[PDB]
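First, one chain by itself in structure tokens, the form deposited in one PDB entry.
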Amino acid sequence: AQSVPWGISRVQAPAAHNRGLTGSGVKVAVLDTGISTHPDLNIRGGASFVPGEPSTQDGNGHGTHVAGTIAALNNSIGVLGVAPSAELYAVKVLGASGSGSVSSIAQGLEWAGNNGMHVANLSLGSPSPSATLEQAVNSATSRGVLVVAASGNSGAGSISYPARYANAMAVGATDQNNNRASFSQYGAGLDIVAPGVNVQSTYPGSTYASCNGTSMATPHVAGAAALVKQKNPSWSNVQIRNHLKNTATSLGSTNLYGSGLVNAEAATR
């Protein structure tokens, strides 16, 4: 039996699916700890930039979980992603510990731009800026990648890098009441929010687990971007980003929520 995690319903992905929009034909890179083989995922390819971890399999769990929020398969098992037909790529930039370097993340972004990705999900960040990272965000953006990044989990009224950069779409986390999760960073540069509390997704060992974080919010938006791209194949990264913001549901101040809650139904109407 398949179940639909509450956040998938909250962002109204099923309404898009009913219109025939699944993310088919859209390439989404998950720049994370890898993605493990799983019966509810279809991993099309990828690359590793973590020395000593040449495989793109996930030794942590984080990247597998993120991937399932984007693209868990629509079938009779497991869960269901926002964009269940997205072409999913495992871009390992963080090791099994859950950390990497700005160099590995940059290499993943360059890979995305050189390999035709439409969306890059970066459920990662730091409080400090990085020239290396910024350059790679900008390069990927120039190559047509929509970079979607987590605002961070410190609870502060400023957001992490690379989410803070103008060419990243920064995503904060909401709870089931449509309030900002306590940990969700906010402030200047925040673009949008999505569900990030008690988010069930795919997990290594062919299982499912629930997690909290802006890392869980981010893939809802990456998936919504893929739905928008399938509907509007001619659109650029900027056009998709703007449309997601313009069609989001206001939840309160732009400072706490950016444009508000992503709405895949409104974005694909």
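We number the residues from 1 along the sequence you see.
The form solved in complex with a partner chain is left out here; the points below concern that form.
Visitor: For a quick test of understanding: in the deposited bound form, does each of 128, 154 and 185 have a heavy atom within 4.5 Å of the partner chain?
Guide: Judged in the deposited bound form, 128, 154 and 185 all sit within 4.5 Å of the partner chain.
Visitor: Please pick out the stretch from 137-145, 84-92, 120-128, 69-77 that is in contact with the partner chain in the deposited bound form, where contact means heavy atoms within 4.5 Å.
Guide: It is 120-128 that comes within 4.5 Å of the partner.
Visitor: Examine residue 195 and determine whether its closest non-hydrogen atom to the partner chain in the deposited bound form is within 4.5 angstroms.
Guide: It does not: once the partner chain is placed as it appears in the deposited bound form, residue 195 has no heavy atom within 4.5 Å of it.
Visitor: Can you check whether residue 174 is within 4.5 Å of the partner chain in the deposited bound form, heavy atom basis?
Guide: Residue 174 lies outside the contact set for the partner chain.
Visitor: May I ask you to state whether residue 160 is within 4.5 Å of the partner chain in the deposited bound form, using heavy atom distances?
Guide: Yes, contact at 4.5 Å.
Visitor: Residue 62 versus the partner chain, in the deposited bound form: is there a non-hydrogen atom within 4.5 Å?
Guide: Residue 62 belongs to the contact set for the partner chain.
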